[PDB]
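Bear in mind that the values in this text are calculations on the coordinates, not laboratory data. Here the Cβ is made from the backbone with ideal geometry for all residues, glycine too, and neighbour counts use every protein chain on show.
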4 protein chains.
Amino acid sequence: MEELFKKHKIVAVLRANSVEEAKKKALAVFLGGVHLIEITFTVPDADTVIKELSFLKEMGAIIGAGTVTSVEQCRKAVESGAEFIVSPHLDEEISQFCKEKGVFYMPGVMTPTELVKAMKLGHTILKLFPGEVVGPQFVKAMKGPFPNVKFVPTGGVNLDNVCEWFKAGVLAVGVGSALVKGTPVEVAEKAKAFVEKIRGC
Amino acid sequence: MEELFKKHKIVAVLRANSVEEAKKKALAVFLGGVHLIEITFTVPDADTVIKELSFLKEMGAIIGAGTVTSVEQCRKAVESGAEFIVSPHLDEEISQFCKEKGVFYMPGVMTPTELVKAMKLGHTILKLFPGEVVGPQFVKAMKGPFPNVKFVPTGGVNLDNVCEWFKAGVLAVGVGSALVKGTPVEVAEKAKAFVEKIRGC
Amino acid sequence: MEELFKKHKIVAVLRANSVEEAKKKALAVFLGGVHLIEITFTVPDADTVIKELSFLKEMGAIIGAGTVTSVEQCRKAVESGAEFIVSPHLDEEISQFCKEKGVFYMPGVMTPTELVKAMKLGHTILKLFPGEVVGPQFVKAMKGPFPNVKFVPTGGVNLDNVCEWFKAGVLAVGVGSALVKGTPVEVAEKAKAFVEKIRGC
Amino acid sequence: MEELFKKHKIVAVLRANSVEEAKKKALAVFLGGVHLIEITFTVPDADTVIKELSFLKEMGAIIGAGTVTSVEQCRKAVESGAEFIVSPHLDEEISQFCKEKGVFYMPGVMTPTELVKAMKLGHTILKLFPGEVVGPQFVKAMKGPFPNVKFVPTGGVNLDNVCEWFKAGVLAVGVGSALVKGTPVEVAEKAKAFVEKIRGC
């Protein structure tokens, strides 16, 4: 919550077509050292997944919602104990709800107009969605006008350019394809590799 | 109309400085196998071109307007028999008019905020304008959050990356520079080459 | 003011952490041939810098504000004699104020929706912020639908791609990193090199 | 003023045929590290140049008159804010005026008789005009009889013999040809080179 991102520096975008696979991959990413977990609403019955994955919170894993394009999804997420509200949106009706309920909300911005709209809405952290399209040059160029804004470029991140994002000055990263593809053992091994690589640079 | 795009898979962006050249290039692209035709309003007297090019509709060619940045252009297009309303806009006043009149309207979106605004407005198909700037990675990255959205990346498409767009999962493509540059014989030959290349992959 | 850009073809983005360094770098860029100067509000006491740098106006140097994300910054800039109001914004409340006070205002746009919104607001010149992310292909692709729009791609410009922007058809360029980094002698030498390179192509 | 010479160790003899060129070369020499500036009255409207170049005083540049062969030029210089009165003269009517008004006055002496006349007039600092004709041997030979006299040999100084003057024991140097010839960028570069060379030895 503007402090755990600087420590863990990793957010997991788990996208599964089944509930059991989603749980087995959340366990896999956690055992790899990925403490922060984000549950995409594209997973069938994401609210059920979040509610029944509450056992992982005690061991030091922070789980939250993802891709919240409606206020009903936001309410189902907050009522399920989710500690993040992540959307590709810049919804004014969801940010206000999150501020009223005191839950963390990071919006997805791709243009300076969206950036300044979110800044005026009260948010400092932002989601750089997409990440590969804008590239590492976006954060470097935007550091000037708004040095206080911290970016989490989820999407299009792998072992090749994971260190470039942190060199450019991003607070944390979000991996959804490289981290959450393959068998649970492979997923855990790749999460451990990502954590070690980020700790190296 | 959400069905012919899956079949023809090609939309022609005809940009001519004269009416006669526009007609001669529309005939050229049709004879190359390009059934779907889109008339840009930048052409002088585009409404006249659309009205007088009605003979091509009988032989199996679907013609429509392009670059409709005003509601007066939309009304002139629909009154001229145009079956498409294509804009780089995300105009709320034009989408509502098209829904009221029951004509197809595909908006141009470049950011996730525009994408979700168009989705909430009622549109599933979208125009990826520009295409070369975003690149083939945009559709691949965006397939996750919104799998139902189908993209038509008009702009910056040639024989080199025409198959990459379809591999990434785009419904159709829009070519305006490679297809509609040169003599009418060359234009027809390039349209045939594009059709054959797309049929190959 | 839609005429001096075609002549000077260079705008200097001066970003300094101190007032004296800002003045010493504005003098350096001017002596390099950079007549147009833009003062970023990120510099501490930018209004004081603009007010006390009025001696440079007599010798043929046009100075203006930059990164104006509020109307109070706009009023402080216009009251300080600044001849430009430059923002990464597309603020409707700042454009109207500039039109009322008759001062030049160039907004920053990155998407076609922002482009058409600014065009409908009454602006023809635009700031292509960021520049390196969009690349030289953006202006070439966008020349079609809106040939009347003139672009000033500030950001991500160096000696390697300075001629490519002008070949693509941009009215002027804005350099803030290559031009305004180093000692004042080095800054003046690099400004002279930029001016000579642009005059060459 | 008998203290800043020991620190800056450089005086700039700016000789320009136009006011704007004089200002552009004063800025160039300042940006090269030449804090002390001397304006020759041979420049057309030298009083106007001195009066309108008052903005440079705030940033740490000390400007003064030069070649003051009349008391009217002295009064125009002091009324214009000039902090030096430099003449090839040994005028008794100008030294008395400078003493009465409390402004610094360094006379130009070439012979021991002129040296002792100036010493009896009350001046310790002296201008060794010309410098190349007398050579570095003059100061070395004259150090004996009058060790308290400090010399500023303006004229005939370049990078070849700049260190020889300081080795011989001169307080400061005055460069008018090597420093103030060429483009403003070249002038600033040569001023920086002179400053670095003097700091080296």
Entries of B:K101/B:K192; A:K190/B:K9; D:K150/D:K197; C:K76/D:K57 with Cα pairs more than 30 Å apart: B:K101/B:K192; A:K190/B:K9
What are the principal axis extents of the Cα atoms in the protein assembly as shown, in Å, biggest first? 109, 73, 46
Taking the Cα centre of the protein assembly as shown as origin, work out the dipole magnitude from +1 charges on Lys and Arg Cβ and -1 charges on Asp and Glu Cβ, in debye rounded to 20. 1540 debye
Computed FRET efficiency, Cβ-Cβ of A:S177 and C:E58, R0 51 Å: what is it to the nearest 0.05? 0.30
Amide H within-cut-off set for B:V86, under 5 Å, with H built and near neighbours excluded: B:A65, B:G66, B:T67, B:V68
With only alpha-carbon pairs counted, each pair once and no self-pairs, how large is the Kirkwood hydrodynamic radius of chain A in angstroms? 16.8 Å
Give me the dipole magnitude in Debye, nearest 20, for chain C about the Cα centre, with unit charges on the beta carbon: positive for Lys and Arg, negative for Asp and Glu. 640 debye
Please get the size of the charge dipole for region D:1-87, origin at its Cα centre, with Cβ charges of +1 on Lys and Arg and -1 on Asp and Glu, quoted in debye to the nearest 20. 280 debye
Compute the separation of the alpha-carbon centres of region D:50-123 and region B:146-201 and state it in Å as a whole number. 80 Å
Where in chain D are the DSSP H helices whose C-alpha atoms run 20 Å or more along the long axis and whose mean Kyte hydropathy is at least -1.0? D:184-200
Within 10 Å of each Cβ in B:124-136, the average number of Cβ atoms from other chains: 3
I need the calculated FRET efficiency for the pair A:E189 and A:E164, taking r as the beta carbon distance and R₀ as 25 Å, to the nearest 0.05. 0.65
Going by Cβ distance under 4.7 Å, what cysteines of the protein assembly as shown have no possible disulfide partner? A:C74, A:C98, B:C74, B:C98, C:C74, C:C98, D:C74, D:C98
In straight Cα distance, which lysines are under 18 Å from C:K143, not counting same-chain residues fewer than 8 positions off? B:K127, B:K181, C:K6, C:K117, C:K120, C:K127, C:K167
